[PDB]
Structure formats: C-alpha cells, structure tokens
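Containing CSV, C-alpha atoms and all ligand atoms: run_33.csv.
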```
chain,number,residue,atom,x,y,z
L,32,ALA,CA,-4.1,-0.6,-20.7
L,33,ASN,CA,-4.6,0.5,-17.1
L,34,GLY,CA,-1.5,-1.2,-15.7
L,35,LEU,CA,2.0,0.1,-15.0
L,36,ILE,CA,5.2,-1.9,-15.5
L,37,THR,CA,6.4,-3.4,-12.2
L,38,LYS,CA,9.7,-1.5,-12.3
L,39,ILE,CA,8.2,1.6,-10.7
L,40,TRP,CA,5.9,0.0,-8.1
L,41,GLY,CA,6.9,-3.6,-7.5
L,42,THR,CA,9.6,-3.3,-4.8
L,43,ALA,CA,8.0,-0.3,-3.2
L,44,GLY,CA,4.8,-2.3,-2.9
L,45,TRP,CA,6.6,-5.2,-1.1
L,46,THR,CA,8.6,-2.9,1.2
L,47,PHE,CA,5.7,-0.8,2.2
L,48,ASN,CA,3.4,-3.7,2.9
L,49,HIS,CA,6.0,-5.8,4.8
L,50,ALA,CA,6.5,-2.7,7.0
L,51,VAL,CA,2.7,-2.6,7.4
L,52,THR,CA,2.7,-6.1,8.8
L,53,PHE,CA,5.5,-5.2,11.3
L,54,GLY,CA,3.4,-2.4,12.6
L,55,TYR,CA,0.7,-4.8,13.6
L,56,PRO,CA,0.3,-5.2,17.4
L,57,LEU,CA,1.9,-8.2,19.2
L,58,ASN,CA,-1.5,-8.7,20.8
L,59,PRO,CA,-4.2,-7.2,18.5
L,60,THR,CA,-7.8,-6.5,19.4
L,61,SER,CA,-10.9,-7.6,17.4
L,62,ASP,CA,-10.9,-4.2,15.7
L,63,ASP,CA,-7.2,-4.4,14.7
L,64,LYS,CA,-7.8,-7.8,13.1
L,65,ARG,CA,-10.8,-6.5,11.2
L,66,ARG,CA,-9.1,-3.4,9.9
L,67,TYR,CA,-5.9,-5.2,8.7
L,68,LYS,CA,-7.9,-8.0,7.1
L,69,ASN,CA,-10.0,-5.5,5.2
L,70,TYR,CA,-6.8,-3.7,4.1
L,71,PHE,CA,-5.1,-6.8,2.7
L,72,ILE,CA,-8.3,-7.9,0.9
L,73,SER,CA,-8.7,-4.4,-0.7
L,74,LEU,CA,-5.0,-4.4,-1.7
L,75,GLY,CA,-5.9,-7.1,-4.2
L,76,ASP,CA,-8.5,-4.8,-5.9
L,77,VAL,CA,-6.0,-2.0,-6.6
L,78,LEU,CA,-2.6,-3.5,-7.7
L,79,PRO,CA,-1.8,-1.5,-11.0
L,80,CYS,CA,-1.5,-4.7,-13.0
L,81,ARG,CA,-4.4,-7.0,-14.0
L,82,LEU,CA,-2.4,-10.3,-13.8
L,83,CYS,CA,-1.0,-9.3,-10.5
L,84,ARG,CA,-4.4,-8.8,-9.1
L,85,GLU,CA,-5.6,-12.2,-10.3
L,86,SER,CA,-2.6,-14.0,-8.9
L,87,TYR,CA,-2.7,-12.2,-5.6
L,88,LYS,CA,-6.4,-13.0,-5.2
L,89,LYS,CA,-5.7,-16.6,-5.9
L,90,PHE,CA,-2.9,-16.8,-3.4
L,91,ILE,CA,-4.8,-15.2,-0.5
L,92,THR,CA,-7.7,-17.5,-0.9
L,93,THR,CA,-6.0,-20.8,-1.5
L,94,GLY,CA,-3.5,-23.1,0.2
L,95,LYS,CA,-1.2,-22.0,3.0
L,96,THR,CA,-1.2,-18.4,1.7
L,97,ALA,CA,-4.9,-18.1,2.3
L,98,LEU,CA,-5.8,-15.0,4.5
L,99,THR,CA,-7.7,-16.6,7.4
L,100,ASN,CA,-8.4,-15.4,10.9
L,101,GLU,CA,-5.5,-17.6,12.1
L,102,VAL,CA,-3.2,-15.3,10.1
L,103,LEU,CA,-4.4,-12.3,12.1
L,104,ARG,CA,-3.6,-13.8,15.5
L,105,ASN,CA,-0.6,-11.6,16.2
L,106,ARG,CA,2.4,-9.8,14.6
L,107,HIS,CA,4.2,-13.2,14.1
L,108,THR,CA,1.4,-14.8,12.1
L,109,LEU,CA,0.7,-11.7,10.0
L,110,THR,CA,4.4,-11.1,9.2
L,111,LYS,CA,5.0,-14.8,8.4
L,112,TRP,CA,1.9,-14.9,6.2
L,113,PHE,CA,3.0,-11.9,4.0
L,114,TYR,CA,6.5,-13.3,3.9
L,115,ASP,CA,5.0,-16.5,2.5
L,116,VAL,CA,2.8,-14.6,0.0
L,117,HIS,CA,5.9,-12.8,-1.2
L,118,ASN,CA,7.7,-16.1,-1.7
L,119,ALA,CA,4.7,-17.5,-3.5
L,120,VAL,CA,4.8,-14.6,-6.0
L,121,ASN,CA,8.6,-15.0,-6.3
L,122,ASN,CA,8.3,-18.7,-7.2
L,123,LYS,CA,5.6,-18.0,-9.8
L,124,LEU,CA,8.1,-15.5,-11.3
L,125,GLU,CA,10.8,-18.2,-11.3
L,126,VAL,CA,12.9,-16.6,-8.6
L,127,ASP,CA,13.9,-17.3,-5.0
L,128,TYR,CA,16.0,-14.9,-2.8
L,129,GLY,CA,16.7,-17.6,-0.3
L,130,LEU,CA,15.7,-15.2,2.5
L,131,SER,CA,14.6,-16.9,5.7
L,132,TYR,CA,11.7,-15.5,7.7
L,133,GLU,CA,14.2,-14.6,10.4
L,134,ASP,CA,16.3,-12.5,8.0
L,135,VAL,CA,13.1,-10.5,7.3
L,136,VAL,CA,12.3,-10.1,11.0
L,137,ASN,CA,15.8,-8.8,11.7
L,138,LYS,CA,15.6,-6.5,8.7
L,139,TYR,CA,12.4,-4.8,9.7
L,140,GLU,CA,12.9,-4.8,13.4
L,141,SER,CA,16.1,-2.8,12.8
L,142,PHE,CA,13.7,0.1,12.0
L,143,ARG,CA,11.6,-0.3,15.1
L,144,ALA,CA,10.7,3.1,16.6
C,32,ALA,CA,6.0,0.5,20.4
C,33,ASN,CA,4.3,-0.6,17.1
C,34,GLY,CA,5.8,2.1,14.9
C,35,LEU,CA,8.6,1.9,12.4
C,36,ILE,CA,10.9,4.8,11.5
C,37,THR,CA,9.9,6.4,8.1
C,38,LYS,CA,13.2,5.6,6.5
C,39,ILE,CA,12.0,2.1,5.6
C,40,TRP,CA,8.3,2.8,4.6
C,41,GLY,CA,7.8,6.4,3.8
C,42,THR,CA,9.0,6.8,0.3
C,43,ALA,CA,7.9,3.3,-0.6
C,44,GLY,CA,4.4,4.1,0.6
C,45,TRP,CA,4.1,7.2,-1.5
C,46,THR,CA,5.6,5.6,-4.7
C,47,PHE,CA,3.4,2.5,-4.5
C,48,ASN,CA,0.2,4.4,-3.7
C,49,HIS,CA,0.8,7.0,-6.5
C,50,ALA,CA,1.2,4.1,-8.8
C,51,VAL,CA,-2.1,2.7,-7.5
C,52,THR,CA,-3.9,5.9,-8.5
C,53,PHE,CA,-2.4,5.8,-12.1
C,54,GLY,CA,-3.7,2.3,-12.5
C,55,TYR,CA,-7.3,3.5,-11.9
C,56,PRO,CA,-9.6,3.2,-15.0
C,57,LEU,CA,-10.0,6.2,-17.2
C,58,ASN,CA,-13.8,5.7,-17.0
C,59,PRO,CA,-14.5,3.8,-13.8
C,60,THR,CA,-17.7,1.9,-13.0
C,61,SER,CA,-19.6,2.3,-9.7
C,62,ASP,CA,-17.8,-0.9,-8.6
C,63,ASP,CA,-14.4,0.5,-9.4
C,64,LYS,CA,-15.2,3.6,-7.4
C,65,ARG,CA,-16.3,1.6,-4.3
C,66,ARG,CA,-13.3,-0.7,-4.4
C,67,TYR,CA,-10.7,2.1,-4.6
C,68,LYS,CA,-12.5,4.3,-2.1
C,69,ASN,CA,-12.5,1.4,0.5
C,70,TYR,CA,-8.8,0.8,-0.2
C,71,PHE,CA,-7.8,4.4,0.5
C,72,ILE,CA,-9.8,4.6,3.6
C,73,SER,CA,-8.3,1.4,4.9
C,74,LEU,CA,-4.8,2.7,4.1
C,75,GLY,CA,-5.2,5.0,7.0
C,76,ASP,CA,-5.8,2.2,9.4
C,77,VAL,CA,-2.4,0.5,8.7
C,78,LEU,CA,0.3,3.1,8.4
C,79,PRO,CA,3.1,2.0,10.8
C,80,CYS,CA,3.1,5.2,12.7
C,81,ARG,CA,0.4,6.4,15.2
C,82,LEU,CA,0.2,10.1,14.5
C,83,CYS,CA,0.6,9.5,10.8
C,84,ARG,CA,-2.6,7.5,10.8
C,85,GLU,CA,-4.4,10.2,12.6
C,86,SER,CA,-3.2,13.0,10.3
C,87,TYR,CA,-4.1,10.9,7.2
C,88,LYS,CA,-7.6,10.2,8.5
C,89,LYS,CA,-8.2,13.9,9.2
C,90,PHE,CA,-6.9,14.8,5.8
C,91,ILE,CA,-9.2,12.5,3.9
C,92,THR,CA,-12.4,13.4,5.9
C,93,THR,CA,-12.1,17.2,5.8
C,94,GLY,CA,-11.2,20.1,3.6
C,95,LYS,CA,-9.9,20.1,0.1
C,96,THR,CA,-8.3,16.6,0.6
C,97,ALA,CA,-11.6,15.0,1.6
C,98,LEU,CA,-12.2,11.7,-0.2
C,99,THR,CA,-15.5,12.5,-1.8
C,100,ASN,CA,-17.4,10.9,-4.7
C,101,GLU,CA,-16.1,13.6,-7.0
C,102,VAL,CA,-12.5,12.5,-6.4
C,103,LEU,CA,-13.4,9.1,-7.8
C,104,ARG,CA,-14.8,10.4,-11.1
C,105,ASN,CA,-11.8,9.3,-13.2
C,106,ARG,CA,-8.1,8.7,-13.3
C,107,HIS,CA,-7.4,12.5,-13.5
C,108,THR,CA,-9.4,13.3,-10.4
C,109,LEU,CA,-8.0,10.4,-8.3
C,110,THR,CA,-4.4,11.0,-9.3
C,111,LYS,CA,-4.7,14.8,-8.6
C,112,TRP,CA,-6.4,14.1,-5.2
C,113,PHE,CA,-3.5,11.8,-4.0
C,114,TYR,CA,-1.0,14.3,-5.3
C,115,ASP,CA,-2.8,16.9,-3.1
C,116,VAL,CA,-2.8,14.5,-0.1
C,117,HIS,CA,1.0,14.1,-0.5
C,118,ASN,CA,1.4,17.9,-0.7
C,119,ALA,CA,-0.7,18.3,2.5
C,120,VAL,CA,1.6,15.9,4.4
C,121,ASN,CA,4.6,17.7,3.0
C,122,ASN,CA,3.2,21.1,4.2
C,123,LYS,CA,2.5,19.6,7.6
C,124,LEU,CA,6.2,18.5,7.8
C,125,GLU,CA,7.5,21.9,6.5
C,126,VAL,CA,9.0,20.2,3.4
C,127,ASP,CA,8.8,21.8,0.0
C,128,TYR,CA,9.5,19.7,-3.1
C,129,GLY,CA,8.1,22.1,-5.7
C,130,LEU,CA,6.9,19.3,-7.9
C,131,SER,CA,3.9,20.2,-10.1
C,132,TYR,CA,1.1,17.8,-10.8
C,133,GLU,CA,2.3,17.7,-14.4
C,134,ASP,CA,5.7,16.5,-13.3
C,135,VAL,CA,4.0,13.6,-11.4
C,136,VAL,CA,1.8,12.7,-14.4
C,137,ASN,CA,4.9,12.6,-16.7
C,138,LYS,CA,6.8,10.4,-14.3
C,139,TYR,CA,4.1,7.7,-13.8
C,140,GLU,CA,2.8,7.7,-17.3
C,141,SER,CA,6.3,6.9,-18.5
C,142,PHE,CA,5.7,3.5,-17.0
C,143,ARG,CA,2.3,2.9,-18.6
C,144,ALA,CA,2.2,-0.7,-19.8
E,1,LIG,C1,1.1,-7.9,-4.0
E,1,LIG,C2,2.1,-7.8,-5.1
E,1,LIG,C3,1.8,-8.7,-6.2
E,1,LIG,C4,2.7,-8.7,-7.3
E,1,LIG,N1,2.4,-9.6,-8.4
E,1,LIG,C5,3.1,-9.8,-9.6
E,1,LIG,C6,2.8,-10.6,-10.6
E,1,LIG,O1,1.7,-11.3,-10.6
E,1,LIG,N2,3.5,-10.6,-11.8
E,1,LIG,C7,4.7,-9.8,-12.1
E,1,LIG,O2,5.3,-9.7,-13.1
E,1,LIG,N3,5.0,-9.0,-11.0
E,1,LIG,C8,4.3,-8.9,-9.8
E,1,LIG,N4,4.6,-8.2,-8.7
E,1,LIG,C9,5.9,-7.7,-8.7
E,1,LIG,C10,7.2,-8.4,-8.3
E,1,LIG,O3,6.8,-9.3,-7.2
E,1,LIG,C11,8.5,-7.7,-8.2
E,1,LIG,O4,8.3,-6.6,-7.2
E,1,LIG,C12,9.2,-7.3,-9.4
E,1,LIG,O5,9.3,-8.4,-10.4
E,1,LIG,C13,10.5,-6.6,-9.3
E,1,LIG,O6,11.5,-7.6,-9.0
E,1,LIG,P1,12.6,-7.6,-7.9
E,1,LIG,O7,13.4,-8.7,-8.4
E,1,LIG,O8,13.2,-6.2,-7.8
E,1,LIG,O9,12.1,-7.9,-6.4
E,1,LIG,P2,11.0,-7.7,-5.2
E,1,LIG,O10,10.5,-9.1,-5.2
E,1,LIG,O11,10.6,-6.4,-5.8
E,1,LIG,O12,12.3,-7.3,-4.5
E,1,LIG,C14,12.0,-7.4,-3.1
E,1,LIG,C15,13.2,-7.4,-2.2
E,1,LIG,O13,12.7,-7.9,-1.0
E,1,LIG,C16,13.5,-9.0,-0.6
E,1,LIG,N5,12.7,-10.2,-0.6
E,1,LIG,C17,12.5,-11.3,-1.4
E,1,LIG,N6,11.7,-12.2,-1.1
E,1,LIG,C18,11.2,-11.7,0.2
E,1,LIG,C19,10.3,-12.2,1.1
E,1,LIG,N7,9.7,-13.3,1.0
E,1,LIG,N8,10.0,-11.4,2.2
E,1,LIG,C20,10.5,-10.2,2.5
E,1,LIG,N9,11.5,-9.7,1.6
E,1,LIG,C21,11.8,-10.6,0.4
E,1,LIG,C22,14.9,-8.9,-1.2
E,1,LIG,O14,15.6,-8.1,-0.3
E,1,LIG,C23,14.4,-8.3,-2.5
E,1,LIG,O15,15.3,-7.3,-3.1
E,1,LIG,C24,3.9,-7.9,-7.4
E,1,LIG,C25,4.1,-7.0,-6.3
E,1,LIG,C26,3.3,-6.9,-5.2
E,1,LIG,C27,3.7,-5.9,-4.2
E,2,LIG,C1,0.2,8.7,4.2
E,2,LIG,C2,1.6,8.9,4.8
E,2,LIG,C3,1.7,9.8,5.9
E,2,LIG,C4,2.9,10.1,6.4
E,2,LIG,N1,3.0,10.9,7.6
E,2,LIG,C5,4.2,11.3,8.2
E,2,LIG,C6,4.3,12.0,9.4
E,2,LIG,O1,3.2,12.4,9.9
E,2,LIG,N2,5.6,12.4,9.9
E,2,LIG,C7,6.8,12.1,9.4
E,2,LIG,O2,7.9,12.4,9.8
E,2,LIG,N3,6.7,11.3,8.2
E,2,LIG,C8,5.5,10.9,7.6
E,2,LIG,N4,5.4,10.2,6.4
E,2,LIG,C9,6.6,10.1,5.7
E,2,LIG,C10,7.1,11.2,4.8
E,2,LIG,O3,5.9,11.7,4.1
E,2,LIG,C11,8.3,10.9,4.0
E,2,LIG,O4,8.0,9.7,3.2
E,2,LIG,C12,9.7,10.7,4.6
E,2,LIG,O5,9.9,11.9,5.4
E,2,LIG,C13,10.8,10.6,3.6
E,2,LIG,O6,10.9,11.8,2.9
E,2,LIG,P1,11.4,11.9,1.4
E,2,LIG,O7,12.0,13.2,1.4
E,2,LIG,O8,11.9,10.7,0.6
E,2,LIG,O9,10.0,12.1,0.7
E,2,LIG,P2,8.6,11.5,0.3
E,2,LIG,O10,7.6,12.6,0.6
E,2,LIG,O11,8.9,10.1,0.8
E,2,LIG,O12,9.5,11.5,-1.0
E,2,LIG,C14,8.5,11.3,-2.0
E,2,LIG,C15,9.3,11.6,-3.3
E,2,LIG,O13,8.1,11.9,-4.0
E,2,LIG,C16,8.2,13.1,-4.8
E,2,LIG,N5,7.2,13.9,-4.3
E,2,LIG,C17,7.1,15.0,-3.3
E,2,LIG,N6,5.9,15.6,-3.2
E,2,LIG,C18,5.2,14.9,-4.1
E,2,LIG,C19,3.8,14.9,-4.5
E,2,LIG,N7,3.0,15.8,-3.9
E,2,LIG,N8,3.2,14.0,-5.4
E,2,LIG,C20,4.0,13.0,-5.9
E,2,LIG,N9,5.3,12.9,-5.6
E,2,LIG,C21,5.8,13.9,-4.7
E,2,LIG,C22,9.7,13.5,-4.8
E,2,LIG,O14,10.1,13.0,-6.0
E,2,LIG,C23,10.2,12.8,-3.6
E,2,LIG,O15,11.5,12.4,-3.5
E,2,LIG,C24,4.2,9.6,5.8
E,2,LIG,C25,4.0,8.8,4.6
E,2,LIG,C26,2.8,8.4,4.1
E,2,LIG,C27,3.0,7.5,3.0
```
Transcribe the structure of this file into structure tokens.
Ligand SMILES: Cc1cc2nc3c(=O)[nH]c(=O)nc-3n(C[C@H](O)[C@H](O)[C@H](O)COP(=O)(O)OP(=O)(O)OC[C@H]3O[C@@H](n4cnc5c(N)ncnc54)[C@H](O)[C@@H]3O)c2cc1C
Ligand SMILES: Cc1cc2nc3c(=O)[nH]c(=O)nc-3n(C[C@H](O)[C@H](O)[C@H](O)COP(=O)(O)OP(=O)(O)OC[C@H]3O[C@@H](n4cnc5c(N)ncnc54)[C@H](O)[C@@H]3O)c2cc1C
Amino acid sequence: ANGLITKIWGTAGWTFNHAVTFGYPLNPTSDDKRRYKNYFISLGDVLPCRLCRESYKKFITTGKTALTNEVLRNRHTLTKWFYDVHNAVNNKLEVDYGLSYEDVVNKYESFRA
Amino acid sequence: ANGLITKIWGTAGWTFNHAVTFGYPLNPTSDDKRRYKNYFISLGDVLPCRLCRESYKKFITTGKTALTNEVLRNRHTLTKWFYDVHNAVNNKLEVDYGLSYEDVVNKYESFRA
C-alpha cells in the first residue's frame, strides 16, 4: 500500500508536467533533449500509484505516445506529445475533455514570462 | 524567454512532488533508491524557470538539503528531506508558512490508498 489516491496528486501532476513541456526551448540542444528525455522516463518510476506507473510506461513505449527522439525535436513536438499522453490516460479512464492542442497552447502561453 | 510565471506551476509542483515522496517504499531496495534519486536530480533540469533550476541544484548538492544516500534510507527520510527542501526555498523567498513536518505527514497520509 505505497500508493496515494489520485485526488491529491493527479491534477497537480498534469499541470506541473504540462508546464514543464512549455518551458522546453523552441530550438533545444543535444543536452536539453537528453535531460528532458531522462526526466520523463524517470517520471514513470515515481508516480505514487502502481497501476499508474504501469500504464504510463506502456503509453510512452508504444504507439503514437511513444517517447522517441522525434518527440524531443522542439517545444511543439514535446508539448504535443504530452498532450497526447494526457488524452491517452483520459480515454483509458473513460473520459474526454474535448480540449484541442491549441486550447492547451493558449492556456499555458498565457503564463509565459 | 522559456520561463513560465509560478502561478501556473509552483503549487502544483510542490504538491505533486511531496506526493511522490510519500509513495516511496517503507523499506526500499537498492533499485528503488537509484530510481528515486535519479528522478529528483532530473527534476532540477526541467523546472520552467532559470534561477529556480540553479537554486534547486545548489540546494540538493550542498548543505543539509544535499541529496545523499542517507536521505534515501526510507519513506521517513525521503519525505523529511523534501519537506526541508521546500522550507529552504521558502526561506530564500522570505516566506514563512510555519507548517511542521508532522502537519505535512498528516495531510498526505490522509490520502494513503
Ligand atoms: C502521468 C500521470 C499518470 C496517471 N495515470 C492514472 C491511472 O493510470 N489511473 C488512474 O486512476 N489515474 C491516473 N492518473 C490520474 C488522472 O489522470 C487524473 O488526474 C484524475 O483521475 C483526476 O481527474 P480529473 O478529472 O480532475 O482531471 P485531470 O485529468 O486531473 O484534470 C486535468 C485538467 O487538465 C485539462 N485537460 C484534460 N485533458 C487535457 C490534455 N490532454 N492536455 C492538457 N490539459 C488537459 C482540463 O482542464 C482538466 O481539468 C495520472 C496522472 C498523471 C499525472
Ligand atoms: C523546486 C521549486 C523551486 C522554486 N523556486 C522559486 C523561485 O526561485 N522563485 C519564485 O518566486 N518561486 C519559486 N518557486 C515557486 C514557489 O515555491 C511557490 O510555489 C509560489 O511562490 C506560490 O506560493 P504559494 O504560497 O502557493 O506556496 P507553495 O510554496 O506553492 O505553496 C505550497 C503550499 O504547501 C504548503 N507548504 C509550505 N511549506 C511547506 C513545506 N515545507 N512542506 C510541505 N508543504 C509546505 C502550504 O500548505 C502551502 O500553501 C519554486 C517551486 C518549486 C516547485
């Protein structure tokens, strides 16, 4: 019983991590790509819910949600990828917020510093 | 121009990561220690704020907030360590919340699955 109910960390986890993708450079270096890739892989090892970890790991290594080098090309590809991952999880949970990738871009860019 | 104002990611970041520490095993294996250690080091590479990343990296490599092997001993040590890191950032920002470690444990344990 090492897991915590999603009520406390679920949304915070999504918001923080979407913000992370929007802080990615428009034109990243080889180091930026390596660092962010390692972060998102490690993220799967620490989600406070076993089933969540298993599902996440499956998503980032299969289909269009797979974390590949193409996903790390730029801010656009990284933000789109995580957006897709979030939708993949939503669908598995039988929900769909009908939010377009553009709605998300407009939302997070409103917080650009 | 890659940063985001803290209003969107600050609180979410603390909440999600404190939750991560409470999901850590009571009696971790060498593998668990390595995986969580790598995650918390990588977290410093992706905060969407330049000086925030620098401060965090300095906090986890020096002083009482250093991420040493002892911090990874068990759930108690890892959760206390991140509570200390949060207080270190608070002190740097001249913010005082007065929350005790016991208050934090009570809050997150109430969501124990
Ligand atoms: C990596 C990760 C894996 C998870 N895996 C599981 C799991 O396997 N099983 C389980 O029970 N729970 C899982 N969760 C939790 C879950 O996805 C929810 O956070 C939770 O069920 C709470 O639901 P919610 O309806 O508040 O919405 P969230 O999905 O918490 O609410 C997110 C908010 O973001 C918006 N949003 C919706 N879709 C998108 C999108 N595609 N992009 C950007 N914003 C969007 C809306 O504004 C919405 O209110 C996971 C969380 C994370 C962070
Ligand atoms: C690693 C990291 C580094 C950051 N660096 C900076 C920075 O350099 N400059 C800047 O302006 N902002 C920074 N921020 C943001 C900042 O820490 C706040 O999140 C933000 O100012 C909003 O403040 P808030 O009052 O909601 O409090 P947070 O500090 O967001 O609010 C956390 C909430 O957690 C609780 N809490 C407070 N202390 C503790 C504790 N020790 N342990 C557990 N819970 C506690 C209270 O319930 C509180 O409402 C950083 C965030 C992270 C996640």
Report as CSV: every residue of chain L with an atom at most 7 Å from ligand LIG 1 (chain E), its closest pair of atoms, and their distance in Å to one decimal, counting all atoms listed in the file, with rows sorted by chain and ascending residue number.
```
residue,atom,partner,partner_atom,distance
L:37,CA,E:LIG1,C12,5.6
L:38,CA,E:LIG1,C13,6.0
L:41,CA,E:LIG1,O4,3.3
L:42,CA,E:LIG1,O11,3.4
L:44,CA,E:LIG1,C27,4.0
L:45,CA,E:LIG1,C27,4.3
L:46,CA,E:LIG1,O13,6.8
L:49,CA,E:LIG1,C20,6.7
L:78,CA,E:LIG1,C1,6.8
L:82,CA,E:LIG1,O1,5.3
L:83,CA,E:LIG1,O1,3.4
L:84,CA,E:LIG1,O1,6.8
L:86,CA,E:LIG1,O1,5.4
L:87,CA,E:LIG1,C3,5.7
L:114,CA,E:LIG1,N7,4.3
L:115,CA,E:LIG1,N7,5.9
L:117,CA,E:LIG1,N7,4.4
L:118,CA,E:LIG1,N7,4.4
L:120,CA,E:LIG1,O3,5.8
L:121,CA,E:LIG1,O3,6.0
L:124,CA,E:LIG1,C7,6.7
L:127,CA,E:LIG1,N6,6.8
L:128,CA,E:LIG1,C17,5.2
L:130,CA,E:LIG1,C18,6.1
L:135,CA,E:LIG1,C20,5.5
```
Using atom CA of residue C:47 and atom CA of residue C:94 as the two end points, give the distance in Å to one decimal.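 If I compute the distance from atom CA of residue C:47 to atom CA of residue C:94, I get 24.3 Å.
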Given a cut-off of 10 Å, which residues of chain C touch chain L, counting only C-alpha atoms, written out as a PDB file with C-alpha atoms, in the coordinates of the input?
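The resulting file, part14.pdb, is reproduced below:
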```
ATOM      1  CA  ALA C  32       6.000   0.500  20.400  1.00  0.00           C
ATOM      2  CA  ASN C  33       4.300  -0.600  17.100  1.00  0.00           C
ATOM      3  CA  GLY C  34       5.800   2.100  14.900  1.00  0.00           C
ATOM      4  CA  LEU C  35       8.600   1.900  12.400  1.00  0.00           C
ATOM      5  CA  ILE C  36      10.900   4.800  11.500  1.00  0.00           C
ATOM      6  CA  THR C  37       9.900   6.400   8.100  1.00  0.00           C
ATOM      7  CA  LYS C  38      13.200   5.600   6.500  1.00  0.00           C
ATOM      8  CA  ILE C  39      12.000   2.100   5.600  1.00  0.00           C
ATOM      9  CA  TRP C  40       8.300   2.800   4.600  1.00  0.00           C
ATOM     10  CA  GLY C  41       7.800   6.400   3.800  1.00  0.00           C
ATOM     11  CA  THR C  42       9.000   6.800   0.300  1.00  0.00           C
ATOM     12  CA  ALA C  43       7.900   3.300  -0.600  1.00  0.00           C
ATOM     13  CA  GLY C  44       4.400   4.100   0.600  1.00  0.00           C
ATOM     14  CA  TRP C  45       4.100   7.200  -1.500  1.00  0.00           C
ATOM     15  CA  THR C  46       5.600   5.600  -4.700  1.00  0.00           C
ATOM     16  CA  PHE C  47       3.400   2.500  -4.500  1.00  0.00           C
ATOM     17  CA  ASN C  48       0.200   4.400  -3.700  1.00  0.00           C
ATOM     18  CA  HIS C  49       0.800   7.000  -6.500  1.00  0.00           C
ATOM     19  CA  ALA C  50       1.200   4.100  -8.800  1.00  0.00           C
ATOM     20  CA  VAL C  51      -2.100   2.700  -7.500  1.00  0.00           C
ATOM     21  CA  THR C  52      -3.900   5.900  -8.500  1.00  0.00           C
ATOM     22  CA  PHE C  53      -2.400   5.800 -12.100  1.00  0.00           C
ATOM     23  CA  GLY C  54      -3.700   2.300 -12.500  1.00  0.00           C
ATOM     24  CA  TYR C  55      -7.300   3.500 -11.900  1.00  0.00           C
ATOM     25  CA  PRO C  56      -9.600   3.200 -15.000  1.00  0.00           C
ATOM     26  CA  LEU C  57     -10.000   6.200 -17.200  1.00  0.00           C
ATOM     27  CA  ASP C  63     -14.400   0.500  -9.400  1.00  0.00           C
ATOM     28  CA  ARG C  66     -13.300  -0.700  -4.400  1.00  0.00           C
ATOM     29  CA  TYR C  67     -10.700   2.100  -4.600  1.00  0.00           C
ATOM     30  CA  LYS C  68     -12.500   4.300  -2.100  1.00  0.00           C
ATOM     31  CA  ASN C  69     -12.500   1.400   0.500  1.00  0.00           C
ATOM     32  CA  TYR C  70      -8.800   0.800  -0.200  1.00  0.00           C
ATOM     33  CA  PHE C  71      -7.800   4.400   0.500  1.00  0.00           C
ATOM     34  CA  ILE C  72      -9.800   4.600   3.600  1.00  0.00           C
ATOM     35  CA  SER C  73      -8.300   1.400   4.900  1.00  0.00           C
ATOM     36  CA  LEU C  74      -4.800   2.700   4.100  1.00  0.00           C
ATOM     37  CA  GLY C  75      -5.200   5.000   7.000  1.00  0.00           C
ATOM     38  CA  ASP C  76      -5.800   2.200   9.400  1.00  0.00           C
ATOM     39  CA  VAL C  77      -2.400   0.500   8.700  1.00  0.00           C
ATOM     40  CA  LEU C  78       0.300   3.100   8.400  1.00  0.00           C
ATOM     41  CA  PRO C  79       3.100   2.000  10.800  1.00  0.00           C
ATOM     42  CA  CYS C  80       3.100   5.200  12.700  1.00  0.00           C
ATOM     43  CA  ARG C  81       0.400   6.400  15.200  1.00  0.00           C
ATOM     44  CA  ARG C 106      -8.100   8.700 -13.300  1.00  0.00           C
ATOM     45  CA  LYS C 138       6.800  10.400 -14.300  1.00  0.00           C
ATOM     46  CA  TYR C 139       4.100   7.700 -13.800  1.00  0.00           C
ATOM     47  CA  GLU C 140       2.800   7.700 -17.300  1.00  0.00           C
ATOM     48  CA  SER C 141       6.300   6.900 -18.500  1.00  0.00           C
ATOM     49  CA  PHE C 142       5.700   3.500 -17.000  1.00  0.00           C
ATOM     50  CA  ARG C 143       2.300   2.900 -18.600  1.00  0.00           C
ATOM     51  CA  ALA C 144       2.200  -0.700 -19.800  1.00  0.00           C
TER      52      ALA C 144
END
```
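Picture a line from atom CA of residue C:90 to atom CA of residue C:116; it runs 7.2 Å.
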From the list C:88, C:64, C:107, C:93, which residue is nearest ligand LIG 2 (chain E) when using all atoms listed in the file?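 Once distances to ligand LIG 2 (chain E) are computed over all atoms listed in the file, the minimum belongs to C:88.
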In Å to one decimal, how far is atom CA of residue L:113 from atom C6 of ligand LIG 2 (chain E)? 24.5 Å
Anything within 8 Å of (0.1, -20.7, 10.3): list those residues as a PDB file with C-alpha atoms, keeping the file's coordinate frame, counting all atoms listed in the file and sticking to the file's coordinates.
```pdb
ATOM      1  CA  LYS L  95      -1.200 -22.000   3.000  1.00  0.00           C
ATOM      2  CA  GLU L 101      -5.500 -17.600  12.100  1.00  0.00           C
ATOM      3  CA  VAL L 102      -3.200 -15.300  10.100  1.00  0.00           C
ATOM      4  CA  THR L 108       1.400 -14.800  12.100  1.00  0.00           C
ATOM      5  CA  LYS L 111       5.000 -14.800   8.400  1.00  0.00           C
ATOM      6  CA  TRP L 112       1.900 -14.900   6.200  1.00  0.00           C
TER       7      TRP L 112
END
```
N, CA, C and O atoms restored at stretch 135-142 of chain C, emitted as a compact mmCIF listing (two decimals), in the coordinates of the input:
```txt
# COMPACT_ATOMS: atom_id res chain seq x y z
N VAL C 135 4.41 14.92 -11.92
CA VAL C 135 4.00 13.60 -11.40
C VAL C 135 3.36 12.77 -12.52
O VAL C 135 3.67 11.59 -12.66
N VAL C 136 2.47 13.37 -13.30
CA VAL C 136 1.80 12.70 -14.40
C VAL C 136 2.87 12.15 -15.38
O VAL C 136 2.84 11.00 -15.80
N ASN C 137 3.81 13.02 -15.74
CA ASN C 137 4.90 12.60 -16.70
C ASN C 137 5.64 11.43 -16.17
O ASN C 137 5.90 10.48 -16.92
N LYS C 138 6.02 11.46 -14.90
CA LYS C 138 6.80 10.40 -14.30
C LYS C 138 6.07 9.02 -14.33
O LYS C 138 6.61 8.03 -14.81
N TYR C 139 4.85 8.97 -13.81
CA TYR C 139 4.10 7.70 -13.80
C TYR C 139 3.63 7.22 -15.13
O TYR C 139 3.60 6.02 -15.39
N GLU C 140 3.26 8.15 -16.01
CA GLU C 140 2.80 7.70 -17.30
C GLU C 140 3.91 7.13 -18.16
O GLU C 140 3.65 6.39 -19.11
N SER C 141 5.15 7.43 -17.80
CA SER C 141 6.30 6.90 -18.50
C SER C 141 6.42 5.38 -18.28
O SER C 141 7.16 4.69 -18.97
N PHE C 142 5.69 4.88 -17.28
CA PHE C 142 5.70 3.50 -17.00
C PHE C 142 4.43 2.76 -17.39
O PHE C 142 4.20 1.59 -17.05
```
